[PDB]
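Every heavy atom of this structure was used, including side-chain atoms; hydrogens, water molecules and symmetry mates were not. We name chains A, B, ... by the order of the sequence lines, and we start the count at 1 in each one.
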Amino acid sequence: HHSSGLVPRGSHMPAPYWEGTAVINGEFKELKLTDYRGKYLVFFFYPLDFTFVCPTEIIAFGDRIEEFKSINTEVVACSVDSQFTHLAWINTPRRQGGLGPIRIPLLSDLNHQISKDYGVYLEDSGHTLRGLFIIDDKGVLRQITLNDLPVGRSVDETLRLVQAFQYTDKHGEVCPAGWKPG
Amino acid sequence: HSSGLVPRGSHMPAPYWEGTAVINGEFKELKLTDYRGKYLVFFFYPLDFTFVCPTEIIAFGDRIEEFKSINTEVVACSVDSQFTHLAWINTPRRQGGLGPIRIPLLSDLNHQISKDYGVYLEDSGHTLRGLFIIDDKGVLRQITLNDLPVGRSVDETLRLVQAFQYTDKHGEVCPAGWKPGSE
């Protein structure tokens, strides 16, 4: 076992509160989970900036961010790097391993509290897993996907699944024919 | 709180579990390692004999050959005893039962499995409704938490396992405009 902030309560799993400094539009801004209340939030942890592994998901979320906003959804990516490294990464061209200009916030988890709360921190290596969390408009966790490679299709799947959760939120559910409660 | 979901290396191994299941109406011992080499869809649901239809389990059972064809198995688990699971299977669907079913029902009577999986609710004494997809190497790939029975979660699960498997086989390529730095 280890400790984490992912505690089942009631009949749901509330997303743990977080706050920290993010880079938005090239500037530092304090961000918190509660800033996204009333919207779905895709919260994407990735190991580190400036590695030799392409940031496929962040680039694709950035490219498609207007599609998510169109369905009441925001996207925030997070790693244990400082906000100064996030800014430098954005300010480095993609042809040189950088992220380049990006339209989603990069949140800093420098003191590791957020990733420990989300249960994705690796104690030995000092960074997180690659993990995509979908949080609904009530702040409840709906899905976590863990990939060890950068997977571009996970952006498509995220758009599809958010829309599916929202459809379910609104329409409820129907039982199979032939089953009746006792 | 405490759970078994511990990141290790560069991923999240699915916590070991073992317990007694009902399989084709018989009690059998089952454990996570029995599924090595196969994807495992491990579905927790709160309780047998409730007034909430068991839509997922019914659909997984009807479609189980589609999962088996892609080297995937499905196990459902609640905190109920194996005796309760067998009685539930033996109760007709039109009376709130599960009826005959082609997927194992795992008992987590002492709550060890659901605590290890981080889905146990201490106050009520049962689990959340949650679907875990575990790959052929025993690594956790996805967790989905639905409070309502969602039938399409079966179709989605099939599609996601297929996608995870496609990635396993083919790997991924970088966006065209991106190149790494180097030492």
Between B:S2 and A:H1, is there a donor-acceptor pair closer than 3.5 Å when you use the side chain of the first and the backbone of the second?
-> no
Between B:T167 and B:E172, is any side-chain donor less than 3.5 angstrom from a side-chain acceptor?
-> yes
Is the backbone N or O of A:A177 less than 3.5 Å from a side-chain atom of A:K180, with the two atoms forming a donor-acceptor pair by type?
-> no
Does A:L6 offer a backbone N or O that forms a donor-acceptor pair with the side chain of B:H1 under 3.5 Å?
-> yes
Ion pair present between B:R159 and A:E157, side-chain N to carboxylate O less than 4.0 angstrom?
-> no
Could you check if a side-chain atom of A:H12 sits within less than 4.5 angstrom of a side-chain atom of B:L145, using non-hydrogen atoms only?
-> no
Taking the side chain as every heavy atom from C-beta outward, state whether B:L40 and B:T72 have any atom pair closer than 4.5 Å.
-> no
Evaluate the side-chain proximity of A:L129 to B:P7: yes if any heavy-atom separation is below 4.5 Å, no if none is.
-> yes
Name the orientation class of the two ring planes belonging to B:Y117 and B:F42 (parallel below 30°, tilted from 30 to 60°, perpendicular beyond 60°).
-> perpendicular
Charged N to carboxylate O under 4.0 angstrom, B:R63 versus B:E66?
-> yes
Below 4.0 angstrom, N of the basic side chain to O of the carboxylate: do B:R141 and B:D168 qualify?
-> yes
Less than 4.5 Å apart, any side-chain heavy atom of B:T55 and any of A:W179?
-> no
Can you tell me if A:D109 and A:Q113 form a side-chain donor-acceptor pair at under 3.5 Å?
-> no
Ring geometry between A:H171 and A:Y167 (parallel below 30°, tilted from 30 to 60°, perpendicular above 60°) | parallel
Does a side-chain heavy-atom distance below 4.5 Å link B:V79 with B:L47?
-> yes
Can you find a heavy atom in the side chain of B:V75 that is under 4.5 Å from one in the side chain of B:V41?
-> no
Please answer whether the main-chain N or O of A:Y121 pairs with a side-chain N or O of A:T128 as donor and acceptor at a distance below 3.5 Å.
-> no
Any sub-3.5 Å donor-acceptor pair from B:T84's side-chain atoms to B:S81's backbone N or O?
-> no
Ring geometry between B:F60 and B:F67 (parallel below 30°, tilted from 30 to 60°, perpendicular above 60°) = perpendicular
Do the ring centers of A:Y46 and A:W89 come within less than 6.0 Å of each other?
-> yes
Student check: side-chain heavy atoms of A:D136 and A:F165 closer than 4.5 Å | no
So does B:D34 pair up with B:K31, basic N to acidic O under 4.0 Å?
-> yes
Inspect the contact between B:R129 and B:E56 and indicate whether a charged nitrogen and a carboxylate oxygen are less than 4.0 angstrom apart.
-> yes
N/O donor-acceptor pair under 3.5 Å between A:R103 side chain and A:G62 backbone | yes
Would you indicate whether the side-chain heavy atoms of B:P175 and A:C54 approach each other to under 4.5 Å?
-> yes
